[PDB]
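First comes the structure, then the notes that go with it.
Neighbour counts are summed over all protein chains in view; Cβ atoms, including those assigned to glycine, are modelled from backbone coordinates with ideal geometry. What is reported rests on the model, the rules as stated and the sources as named; these are not laboratory values.
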Amino acid sequence: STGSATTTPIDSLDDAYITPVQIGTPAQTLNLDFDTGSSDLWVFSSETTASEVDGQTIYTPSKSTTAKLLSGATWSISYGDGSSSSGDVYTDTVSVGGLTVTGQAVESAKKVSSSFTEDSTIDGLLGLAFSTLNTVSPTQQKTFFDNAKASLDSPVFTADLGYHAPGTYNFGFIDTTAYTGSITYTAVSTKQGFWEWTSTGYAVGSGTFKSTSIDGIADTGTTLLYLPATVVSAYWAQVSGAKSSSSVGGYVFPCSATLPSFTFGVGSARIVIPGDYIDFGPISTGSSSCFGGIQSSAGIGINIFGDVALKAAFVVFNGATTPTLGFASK
């Protein structure tokens, strides 16, 4: 089997992407944030504290003839941005772009933190990291990809995120029309539960490439590119007036600037992020200070190849017995 679904930016900055997902019988369609940095499929629901729902579409398990309470199971998750959610668990039928999994764990939110409530466009998350990170207790549950894998034509999914435009998540096949050149594959460590890999270095604008190993994760659920302080300083030094602002929470730059590109290495291959992809707009409405799309990871503990980096590439998440990642230009 295969599936193919369009993913759409939630706003004019590409802060996140939503993909429609069918849950239950008859189908209830929710727009979920596909997140290769986590491993829980959770949704706003008829059980979510009413004051914490503000415009989201909810899953109502009592209206699904295929929903079953997973008795005794609870979940609770905290994300790198400080947001969180928790609740109980049902199993139900879940379809993405024509690909159907029966018996998928659908984690129903009883509580969500303020940032989720405040984002009316995201009805939940669909985790695509390794199932060892799933938070369901006392019986850990499998991701949608893990449950679908054996049925897929090939045990892969691909992320093709757009810049200020829709893109595609495919399951079970590699669309050879969606990229240019060849796909370069690179080793993955699953030891932390992430799609963790080592970039071979970087360049800033037209500058020379610096060969240096940068370990990080391919994370569709993180907006920006978070890299070591040395790398980030070298980038922003090329932008007149750019500075790190403790009050704003990162590097800012004059909105009048033209940003240089940023290149990262994948083996001997190179992915070029255009300068425009690094502009996240005014820090507050009407400001002439703009927020940068490359930020330091020094306070995280891990480097993160988020949407800023991934949307410059066609990315293969290869879930074979030994997983690997592939990157192509597009």
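Side notes on the structure shown:
- When the criteria are applied in full, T184 meets the requirement of being of a type in the set (S, T, N, Q), assigned by CATH to the domain that holds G301 and either at positive phi or in contact (Cβ under 8 Å) with a residue 60 or more places away in the chain (or both).
- Taking the numbered list (1) surrounded by 18 or more Cβ atoms within 10 Å (Cβ to Cβ); (2) closer than 20 Å to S297 by Cβ; (3) small (G, A, S) in turn, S189 passes all entries but (1).
- The residue of the stretch 293-311 that is surrounded by the most Cβ atoms within 10 Å (Cβ to Cβ), among those that are closer than 22 Å to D279 by Cα, of a type in the set (A, V, I, L, M, F, W, C) and more than 14 Å from the chain's Cα centre (by Cα), is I294.
- Yes/no for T91 being β-branched (V, I, T), out of contact with any strand residue (DSSP E or B) (no Cβ under 8 Å at 6 or more places or on another chain) and farther than 25 Å from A159 by Cβ: no
- Taking the stretch 35-56 as the range and being of a type outside the set (D, E), surrounded by 15 or more Cβ atoms within 10 Å (Cβ to Cβ) and assigned to a loop (DSSP other than H, G, I, E, B) as the test, the residues that pass are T36, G37, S38, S39, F44, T48, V53, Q56.
- Among the candidates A234, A203, the residue that is of a type in the set (A, V, I, L, M), under 18 Å from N303 (Cβ atoms), over 22 Å from the mean Cα position of the chain (by Cα) and in a strand (DSSP E or B) is uniquely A203.
- Within the stretch 128-158, the residues that satisfy the criterion of being aliphatic (A, V, I, L, M) and in a helix (DSSP H, G or I) are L133, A148, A150.
- Taken over the stretch 65-92, the criterion of being among the small types (G, A, S) and part of a strand (DSSP E or B) is satisfied by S71, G72, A73, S76, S78, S84, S85, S86, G87.
- Filtered residues of the stretch 313-327 (kept if surrounded by fewer than 24 Cβ atoms within 10 Å (Cβ to Cβ) and more than 14 Å from the chain's Cα centre (by Cα)): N318, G319, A320, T321, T322, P323, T324, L325, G326
- Any hit, the stretch 226-245, residues being surrounded by 14 or more Cβ atoms within 10 Å (Cβ to Cβ) and at positive phi: no
- Evaluating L32 against the criteria (1) assigned to a loop (DSSP other than H, G, I, E, B); (2) touching a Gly at 6+ places or on another chain (Cβ under 7 Å); (3) of a type outside the set (D, E); (4) over 18 Å from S137 (Cβ atoms) leaves one unmet condition, (1).
- Against the numbered list (1) of a type in the set (A, V, I, L, M); (2) over 25 Å from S244 (Cα atoms); (3) not in a strand (DSSP E or B), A309 comes up short only at (2).
- Residue ID - nearest to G172 (Cα to Cα), chosen from residues in the stretch 93-123 that are hydrophobic (A, V, I, L, M, F, W, C) and not in a strand (DSSP E or B): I122
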